[PDB]
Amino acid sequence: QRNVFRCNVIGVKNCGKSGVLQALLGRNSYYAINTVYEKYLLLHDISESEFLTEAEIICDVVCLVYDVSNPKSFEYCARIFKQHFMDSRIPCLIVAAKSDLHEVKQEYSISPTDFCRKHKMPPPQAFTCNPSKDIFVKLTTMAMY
């Protein structure tokens, strides 16, 4: 019965990934850990690159992070999902980051809400560093399945 869970935080460069790790540590290093309700959630900051290694794919739960101010950020999340996680035993969560900024329409063929519903993912979770613990509990909860 594991109580320590690993989560890969994946998204476009400067989409607010490091903010998510710092938020878990309680703020407004590419790994961050803290207790979640007692469970331990270990986040991994996966920098944007050309491809992902099989060491960056394995985890207990995936946190796909896209930027609501960057219309090109969700396409990356959707592409990575279908390539590495759509055909996997790994639960996935999509987070609409920088929520406090204005939501410009994402340039993808499918809406985020539709895309999530299409692949049995929870609806897109809004998040900002300006911090709630909601996503980390859900990430941990989804890891406990």
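Residue indices: 1-based, along the sequence shown.
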| property | result |
| --- | --- |
| Absent coordinates between residue 28 and residue 29 - deposited residues affected, binned into four classes | 10 or more |
| Unmodelled deposited residues between residue 37 and residue 38, binned | 4 to 9 |
| Mean C-alpha B-factor comparison - 115 to 123 and 99 to 107, higher one | 99 to 107 |
| Assigned third (lowest, middle, highest) for the C-alpha B factor of residue 51 | highest |
| Third of the chain, ranked by Cα B-factor, where residue 131 sits | highest |
| For residue 58, the third of its chain into which the C-alpha B factor falls | highest |
| Cα B factor band for residue 83 (lowest, middle or highest third within the chain) | lowest |
| Chain-relative CA temperature factor third for residue 23 | highest |
